[PDB]
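Structure first, then comments.
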2 protein chains.
Amino acid sequence: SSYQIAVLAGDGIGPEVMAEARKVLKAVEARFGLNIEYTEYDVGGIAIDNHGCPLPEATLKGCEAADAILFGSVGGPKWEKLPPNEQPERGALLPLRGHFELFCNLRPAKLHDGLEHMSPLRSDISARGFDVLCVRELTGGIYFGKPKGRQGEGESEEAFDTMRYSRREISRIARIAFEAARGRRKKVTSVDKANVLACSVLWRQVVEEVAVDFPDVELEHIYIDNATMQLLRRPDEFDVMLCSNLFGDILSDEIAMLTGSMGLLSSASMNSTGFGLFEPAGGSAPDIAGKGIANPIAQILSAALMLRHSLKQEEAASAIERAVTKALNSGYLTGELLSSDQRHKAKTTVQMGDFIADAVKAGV
Amino acid sequence: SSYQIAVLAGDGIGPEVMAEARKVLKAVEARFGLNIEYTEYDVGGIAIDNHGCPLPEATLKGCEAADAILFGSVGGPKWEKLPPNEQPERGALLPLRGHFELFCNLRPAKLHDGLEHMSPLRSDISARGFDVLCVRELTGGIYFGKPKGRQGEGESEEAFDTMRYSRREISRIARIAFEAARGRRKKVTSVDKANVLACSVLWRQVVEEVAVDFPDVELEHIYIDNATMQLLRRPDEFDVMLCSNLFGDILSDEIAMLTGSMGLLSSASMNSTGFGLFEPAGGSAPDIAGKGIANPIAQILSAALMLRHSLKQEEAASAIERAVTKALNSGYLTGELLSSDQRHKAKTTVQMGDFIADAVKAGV
Ligand SMILES: CC(C)[C@H](C(=O)O)[C@@H](O)C(=O)O
Ligand SMILES: CC(C)[C@H](C(=O)O)[C@@H](O)C(=O)O
Ligand SMILES: [Cl-]
Ligand SMILES: [Cl-]
Ligand SMILES: [Mg+2]
Ligand SMILES: [Mg+2]
């Protein structure tokens, strides 16, 4: 039958970049004969304005009826001063991930050929390139651990959060990292704080247990503070980084900025049945919203990750990825990927979606 | 009477760099007429080899009798496979900080004039310079929170750690950050994860309460994942970063590597009475130990931080800092601060201590 997609564009540049993702999806649908139906639902700030909360019931129900969630971006200055639970990002993303048991977050990041110069690394380091996939555990640890809250009053008032992990939780995400490494350059770097946290001692121990199934894959451990330093000095030496929830949050953001190319980066957050939520790694960028400036590549590659991981349409997924490579090596760059002099050559959001869709059609 | 210093050189390059710190201290003692007595105690790997644990009773007692701890570095491959509690770093540093209530960690980091090129940042970013002081809360949060440990067996075996903070704990470290900002460029950036952690919601709230005493100081908040990105793009825009224990651990390491000059960086860990532990930010570097290669500046500036903060000898502290500036701008650089061609000009550990001590003597 038809695949069914819940489309949650959100705030800021979400809707403009989502339009280009749908345009390129239309081209892949025609080329590969896929029957996909999409339904739109509010989420984040637009949900608070239209429904009074950032994750309305009808949106949640819409996502339960779908094969995957194609997600834009949430948040903006309008809602930033609401109580923390009522804000767009916390209010949408944490309950979506908990409800759908999206324990696996994949954040691929690489320096693209020809854009090594946009990286904030020293030129000799960025010239060496990098390609680092972060596999982050997304529904356990300190994010969802209990007890969480506060007690007391005044000076003695105290807050608490609890980080918890079981062997089962560590081994499921570790298996994903090792299998991904096997398909890459055969190295997992597991990131913990095993000199301080009991959860990191168990993490390190269980990763070593899972390693026995993968004697072809190199395993190393690195402390999270050290990892922030080593990714500056030798990012070319990492392949897959295997991280708990909070450490994956932190390290995947540093690796993303090290690319200098945030508008190219996508994320996949999956459960064990292969349902997932696919979104750009970057923000809502409300300052450039509605201008046709925004880079729609991250949203377009989020659609390719959705085709691969939720829809089992690998040919359609890679055809999108190649059309994006074609745009980047064929003079089709948005403003933020151009050196400040070459800027007159910037393409708009729709010029980029048109070129990438036409490339899919032309059989790239 | 005499000040009394407990000298804990540790492992690796600790003893060679400590010798240069004592040499420069002898020169400051003569120039400023300070009467200081030093006693040496084992700590870390050398304590495990000599005493069977990394923090012997006699060493702990020695530190209780002192005005401050002048600390080298602990750890090395020899002890890296011991059980986590028995290892040099965890086994020495966590109990020292807990026992002496060293709640305040200060990690000053800047790009030195003329060495902006050693930074791993893109040349146009490092040319802009930076000077970022990290104030890290060191005895609370998840490091010392209870309950901590594990329960269960097999797949359901689970570990847990608890992050806790009280208003009292947040406000003492926040006051330090604001006072330090007042003496600098009047900006505090408080780093939290207030969209996820109850402790970060209380952190953010209490920092805003303390802010009312400092209307001259700008306050901003930044999420820890965002902070790892912003320090790559605009490190010149930060002055004081105010961090909880785990987030300070992580961010101070990224800022240290961004200098490209780890061998110049020192740390101070203080309690409310002004007693503290002063150490280099870098590792034991056991590969270069005993060679006269190691940069002793970080150990020497740790002695200057000790003079200022524990001994209330500001003139002696700044005379050391200026002698270090003189060495750096007068052609006295260790091997790791030289571009690979200029390397023949490297100075040894003792050449550097001799030059810095002679500069103190000459009245720099
Ligand atoms: C918005 C926040 C709760 C979230 C996280 O901490 O996972 C975000 O930082 C992310 O990385 O997707
Ligand atoms: C050794 C470890 C317990 C320690 C910490 O986590 O504080 C270290 O990383 C540091 O930064 O001083
Ligand atoms: Cl976690
Ligand atoms: Cl903490
Ligand atoms: Mg994040
Ligand atoms: Mg550290």
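Every chain is numbered from 1 and lettered A, B, ... according to where its sequence line falls, protein lines coming before strand lines. When reading the values below, keep in mind they use all heavy atoms of this one structure, side chains included, and skip hydrogens, waters and symmetry mates. Order of listing sets the numbers, starting from 1, for every ligand and every atom in it.
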Which protein non-hydrogen atom lies closest to atom 9 (O) of ligand 2, naming both residue and atom, and how far is it? A/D225 OD2, 2.9 Å
Just need the protein heavy atom nearest to atom 3 (C) of ligand 2, so name the residue and atom and give the distance. A/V196 CG2, 3.8 Å
Of all N/O/S atoms in A/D249, which lies nearest to the Mg ion (ligand 5)? OD1
Specify which N/O/S atom of B/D225 comes nearest to the Mg ion (ligand 5), by atom name.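 Atom name of the closest N, O or S in B/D225: OD2.
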Select one of side chain, backbone, both or neither to describe which atoms of B/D253 lie under 4.0 Å from any atom of ligand 2, heavy atoms only.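 Neither part.
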Will you find, in the side chains of B/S171 and B/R175, an N or O donor that is under 3.5 Å from an N or O acceptor?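 B/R175 and B/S171 do have a side-chain donor-acceptor pair below 3.5 Å.
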Looking just at side-chain N and O atoms, do B/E137 and B/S244 make a donor-acceptor pair shorter than 3.5 Å?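 Judged by distance alone, the side chains do not pair up.
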Please determine whether any non-hydrogen atom of B/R136 lies less than 4.0 Å from an atom of ligand 2. yes
Taking only non-hydrogen atoms of B/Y143, do any sit less than 4.0 angstrom from ligand 2? yes
Distance under 4.0 Å to a non-hydrogen atom of A/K193: what atoms of ligand 2 satisfy this?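 What qualifies from ligand 2 is 5 (C), 6 (O), 9 (O).
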Contacting atoms of ligand 2, where contact means under 4.0 angstrom from a heavy atom of B/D249: 5 (C), 6 (O), 7 (O), 8 (C), 9 (O), 10 (C), 11 (O)
B/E279 vs B/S302, side-chain hydrogen bond (donor to acceptor under 3.5 Å, both in side chains): CA-CA, chis, key distance, verdict: CA-CA 5 Å; B/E279 64 193 291; B/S302 289; over 6 Å; no
Verify salt bridge (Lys or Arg N to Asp or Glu O under 4.0 Å) between B/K78 and B/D11, making sure each step is shown before the conclusion. CA-CA 10 Å; B/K78 180 163 169 185; B/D11 304 314; over 6 Å; no
Cation-pi check, A/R136 onto A/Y143 ring (under 6.0 Å, within 45° of axis): yes
Trace of the side-chain hydrogen bond (donor to acceptor under 3.5 Å, both in side chains) decision for A/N295 with A/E336: CA-CA 8 Å; A/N295 187 346; A/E336 95 297 353; 2.9 Å; yes
Are the charged groups of A/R107 and A/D249 less than 4.0 angstrom apart, N to O?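 So A/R107 does not pair with A/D249 through a salt bridge.
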For atom 4 (C) of ligand 2, which of the options B/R90, B/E89, B/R97 provides the nearest non-hydrogen atom?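 Comparing heavy atoms across B/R90, B/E89, B/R97, the nearest one to atom 4 (C) of ligand 2 lies in B/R97.
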Would you call the rings of A/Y165 and A/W203 parallel, tilted or perpendicular, taking 30° and 60° as the class edges? perpendicular
Compute the shortest N/O to N/O distance between A/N195 and ligand 2 and return yes if it is under 3.5 Å, no if not.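 So ligand 2 has no N or O lying under 3.5 Å from an N or O of A/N195.
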